[PDB]
*Asks:* 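Mind looking over this structure? Questions follow.
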2 protein chains.
Amino acid sequence: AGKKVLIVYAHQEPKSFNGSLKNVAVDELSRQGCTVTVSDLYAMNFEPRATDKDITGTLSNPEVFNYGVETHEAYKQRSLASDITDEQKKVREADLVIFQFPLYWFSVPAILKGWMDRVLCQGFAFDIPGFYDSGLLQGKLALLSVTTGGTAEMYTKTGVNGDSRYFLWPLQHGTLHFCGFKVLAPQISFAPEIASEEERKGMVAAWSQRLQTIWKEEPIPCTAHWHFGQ
Amino acid sequence: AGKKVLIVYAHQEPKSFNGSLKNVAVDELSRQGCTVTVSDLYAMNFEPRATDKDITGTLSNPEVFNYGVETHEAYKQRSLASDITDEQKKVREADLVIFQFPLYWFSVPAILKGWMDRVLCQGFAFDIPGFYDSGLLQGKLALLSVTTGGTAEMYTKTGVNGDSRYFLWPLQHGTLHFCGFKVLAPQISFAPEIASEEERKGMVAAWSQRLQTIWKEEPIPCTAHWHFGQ
Ligand SMILES: Cc1cc2nc3c(=O)[nH]c(=O)nc-3n(C[C@H](O)[C@H](O)[C@H](O)COP(=O)(O)OP(=O)(O)OC[C@H]3O[C@@H](n4cnc5c(N)ncnc54)[C@H](O)[C@@H]3O)c2cc1C
Ligand SMILES: Cc1cc2nc3c(=O)[nH]c(=O)nc-3n(C[C@H](O)[C@H](O)[C@H](O)COP(=O)(O)OP(=O)(O)OC[C@H]3O[C@@H](n4cnc5c(N)ncnc54)[C@H](O)[C@@H]3O)c2cc1C
Ligand SMILES: CN(C)c1nc2c(Br)c(Br)c(Br)c(Br)c2[nH]1
Ligand SMILES: CN(C)c1nc2c(Br)c(Br)c(Br)c(Br)c2[nH]1
Ligand SMILES: [Zn+2]
Ligand SMILES: [Zn+2]
């Protein structure tokens with residue numbers, strides 16, 4: 001035991017399917033004795049825009065603004081905005097980061113994209129060197145728990161949407177793997193709006209049950225072959 | 001040949017490489033006699049978050065907030081927030097929509113993701129049915145003009161990042177094609193920060209040159225094969 005979990009949660013509605021998946025996670029991980037923290041992005045009115053307000057005090061170059069460089073330097077100089085550093089503290093302490101969100105345009109909702117853009121800066125999440133297998137959050141686990149409008153059928157290799165794995169690439173590989181996370185198998189709850197309550201309860205239950213043994217899981221091989229191969 | 005272009009632009013710094021790419025597009029398309037509009041999202045302080053503030057009318061279900069449902073109904077009733085309808089007007093009038101942005105986490109910056117999330121609502125951009133080749137923005141063209149930190153070699157199949165086309169899938173297919181756009185080949189200006197001044201000028205001029213003949217181009221086949229190969 002002694003395991004710490006951050007849930008980064010992106011849904012506007014407490015009563016939503018996403019809300020229930022988040023609450024089941026809190027309940028089950030809490031029951032196990034895990035340390036659990038939730039960043040409820042919409043309730044926080046979390047700022048998604050990458051702007052020069054994310055740096056407090058004097059900028060590295062106040063005439064030409066380069067976000068990547070300014071935030072790298074601000075992290076090194078402990079001069080990032082408190083909303084960012086608050087999130088970095090949560091991530092730093094976590095052994096597992098679970099992202100709970102509805103799929104928006106084959107990706108995360110903008111509020112959560114903004115969390116990734118602003119929280120995962122150079123020096124904290126990655127550096128030269130220290131990316132992919134050697135990214136700075138190595139040792140940590142990340143897990144995408146996604147809900148969709150589309151059915152599993154639509155999300156097949158020859159379905160209209162392609163394999164669900166195809167849209168996971170920028171998230172699992174380009175973001176989480178890049179930062180050094182070992183990536184647990186995604187949790188994809190397909191088309192809850194379409195499903196019967198029976199099927200919905202089953203999807204929630206699968207998640208709760210999965211969570212019972214989450215600490216015994218092996219990470220996926222987060223490779224192009226995993227995402228795009230046969 | 002009275003063509004209308006919307007450039008949706010997502011960079012904080014007017015002197016940036018992205019800023020130059022946006023400006024040369026304006027210069028060249030204006031020179032051609034095109035009608036040109038730019039949505040400079042950061043300068044507009046464009047709202048990225050999908051929230052209940054985006055609907056001003058009586059909600060369909062005020063007890064359980066479903067963003068998709070409420071925005072679809074609000075579009076039909078004309079009770080969407082005016083920032084959304086302002087953008088929809090620009091898209092409706094445009095023959096070509098160019099997106100100009102730096103790659104953030106294998107995707108668009110959150111401010112631009114928010115534009116996609118909030119502007120491309122059901123009833124305006126797609127219906128059920130009425131998506132992919134039957135999407136509501138059929139007859140229009142879209143083009144991603146992207147800049148990266150990574151080099152072209154890093155973005156090949158055997159490179160660490162995988163092929164560049166891999167990260168285009170959620171944007172070109174999941175978003176643009178879903179809404180009925182035909183998609184012109186991407187413009188990817190690789191690693192300008194690493195490039196010499198002359199190589200930078202070369203990349204800007206290549207884009208300007210391409211734009212001279214943009215109206216003669218055919219779209220890509222926006223399929224899984226195009227993106228991922230056999
Ligand atoms: C901007 C935007 C972009 C989108 N892009 C995509 C896309 O690219 N691809 C795609 O596939 N979809 C897309 N969607 C659709 C979206 O992913 C789904 O609408 C979303 O995933 C549904 O999840 P939800 O939590 O909102 O469901 P909800 O509507 O909140 O819930 C579904 C039903 O489950 C019920 N429920 C809640 N809790 C429980 C419980 N504990 N047990 C049983 N039932 C319960 C709820 O009451 C509800 O009736 C998009 C939607 C929007 C708004
Ligand atoms: C949050 C975040 C996430 C990122 N994620 C990724 C990612 O997933 N993958 C990836 O590859 N990269 C990523 N990057 C890096 C990012 O994509 C690059 O920094 C960006 O694309 C560079 O474009 P720019 O316009 O900001 O370059 P700039 O720094 O503005 O341009 C480089 C140089 O070009 C000069 N210049 C400007 N105009 C001209 C001109 N007309 N002629 C000649 N020179 C000119 C500028 O003065 C500058 O010196 C990320 C960065 C951030 C901040
Ligand atoms: C709102 N709703 C039910 C919904 N929105 C969708 C979007 Br946007 C995409 Br892309 C896809 Br694919 C599917 Br399937 C969607 N289903
Ligand atoms: C800031 N900078 C230059 C930068 N950031 C990057 C990110 Br984030 C990713 Br993922 C990749 Br891949 C590359 Br290459 C990046 N290069
Ligand atoms: Zn990977
Ligand atoms: Zn397509």
Side-chain angles (χ1 to χ4, degrees), chain A residues 50 64-72 102-107 113-114 116-122 126 132-133 148-151 154-155 159-162 167-170 172-178 181-183 191 193-194 220-224 226-227, chain B residues 11-13 15-24 66-69 71-72 100-107 109-110 116-117 120-122 125-126 128 131-132 135 146-151 154-155 160-162 164 167 170 173-175 177-179 188-205:
Chain A
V64 179
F65 185 65
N66 184 312
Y67 189 80
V69 171
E70 294 287 353
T71 58
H72 184 194
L103 195 69
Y104 276 19
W105 292 124
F106 276 39
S107 187
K113 185 54 162 62
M116 294 159 170
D117 296 346
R118 295 173 71 242
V119 178
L120 303 175
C121 73
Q122 188 176 354
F126 65 91
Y132 288 120
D133 284 355
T148 67
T151 63
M154 297 179 205
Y155 285 103
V160 288
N161 298 333
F167 70 69
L168 295 172
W169 178 249
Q172 292 194 155
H173 188 75
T175 310
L176 299 174
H177 191 177
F178 189 81
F181 287 101
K182 286 152 191 181
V183 176
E193 291 163 283
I194 272 167
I220 64 169
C222 186
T223 59
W226 186 91
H227 288 84
Chain B
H11 203 288
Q12 310 91 341
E13 174 51 68
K15 297 178 184 119
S16 62
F17 191 74
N18 269 266
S20 295
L21 294 170
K22 181 266 285 177
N23 290 332
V24 311
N66 183 312
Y67 187 82
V69 167
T71 55
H72 182 199
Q100 180 62 59
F101 61 97
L103 194 71
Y104 273 22
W105 294 121
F106 277 39
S107 183
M116 298 163 164
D117 296 345
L120 303 173
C121 71
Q122 186 168 348
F126 70 93
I128 311 299
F131 56 85
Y132 288 121
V146 187
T147 68
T148 68
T151 62
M154 288 161 184
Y155 285 108
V160 284
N161 297 337
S164 57
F167 69 68
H173 186 72
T175 309
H177 185 185
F178 188 85
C179 294
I188 310 190
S189 303
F190 287 102
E193 288 165 281
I194 290 170
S196 69
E197 180 72 353
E198 183 249 43
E199 295 171 320
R200 293 173 196 145
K201 294 299 280 195
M203 281 189 288
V204 174

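Chain A is the first sequence line, chain B the second, and so forth, proteins listed ahead of strands; every chain is numbered from 1. Note that these values count all heavy atoms, side chains included, but never hydrogens, waters or copies made by symmetry. Whatever order the structure lists ligands and atoms in, that order sets their numbers, starting from 1.
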*Asks:* Could a heavy atom of B:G68 be found less than 4.0 Å from some atom of ligand 3?
*Replies:*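 Per 4.0 Å heavy-atom rule, B:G68 does not contact ligand 3.
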*Asks:* What protein heavy atom lies closest to atom 5 (N) of ligand 3? Include the residue and the distance to one decimal.
*Replies:*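 Among all protein heavy atoms, the one nearest atom 5 (N) of ligand 3 is B:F126 CZ, 4.0 Å.
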*Asks:* Does the protein put a heavy atom less than 4.0 Å from atom 9 (C) of ligand 3?
*Replies:*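 Within 4.0 Å of atom 9 (C) of ligand 3, protein heavy atoms are found.
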*Asks:* To 10°, measure the SG(A:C222)-the Zn ion (ligand 5)-ND1(A:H177) angle for me.
*Replies:*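 Here the angle at the metal atom is close to 110°, to 10°.
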*Asks:* If I consider every N, O or S atom in A:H173, which one ends up closest to the Zn ion (ligand 5)? I only need its name.
*Replies:*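 The Zn ion (ligand 5) is closest to the A:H173 atom ND1, counting only N, O or S.
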*Asks:* Looking at the rings of B:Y155 and B:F106, which for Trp means the six-membered one, are their centres under 6.0 Å apart?
*Replies:*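 Yes, the ring centres sit under 6.0 Å apart.
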*Asks:* Out of curiosity, is B:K15 lining ligand 2, as in a heavy atom under 4.0 Å away?
*Replies:*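 Within the 4.0 Å threshold, so yes.
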*Asks:* Which bit of B:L103 gets closer than 4.0 Å to ligand 2, counting heavy atoms only: side chain, backbone, both or neither?
*Replies:*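 It is both parts that get close, each with some atom under 4.0 Å.
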*Asks:* Any idea which atoms of ligand 3 are less than 4.0 Å away from a heavy-atom of B:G174?
*Replies:*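 Listed by number with element: 10 (Br).
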*Asks:* Please evaluate residues B:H173 and B:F178 with respect to the criterion side chain to side chain contact (heavy atoms under 4.5 Å, CB included), reporting the C-alpha separation (whole Å), side-chain torsions for both, the decisive distance (0.1 Å), and the verdict.
*Replies:* CA-CA 6 Å; B:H173 186 72; B:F178 188 85; over 6 Å; no
*Asks:* For atom 48 (C) of ligand 2, state whether the nearest protein heavy atom is under 4.0 Å away.
*Replies:*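 So far as the 4.0 Å threshold goes, atom 48 (C) of ligand 2 is out of reach of every protein heavy atom.
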*Asks:* Can you tell me which residue and heavy atom of the protein come closest to atom 1 (C) of ligand 3, and the distance to 0.1 Å?
*Replies:*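 Looking at atom 1 (C) of ligand 3, the protein heavy atom closest to it is B:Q122 OE1, 3.9 Å.
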*Asks:* Among protein heavy atoms, which lies nearest atom 13 (C) of ligand 3, and at what distance?
*Replies:*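 It is B:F178 CZ, 4.0 Å.
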*Asks:* Ignoring hydrogens, just give me the one of B:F106, B:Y155, B:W105 whose non-hydrogen atom is nearest atom 10 (C) of ligand 2.
*Replies:*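 Checking each option, the heavy atom nearest atom 10 (C) of ligand 2 is found in B:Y155.
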*Asks:* Decide whether B:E193 and A:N66 meet the rule of one side-chain donor and one side-chain acceptor closer than 3.5 Å.
*Replies:*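 B:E193 vs A:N66: donor-acceptor pair found between side chains.
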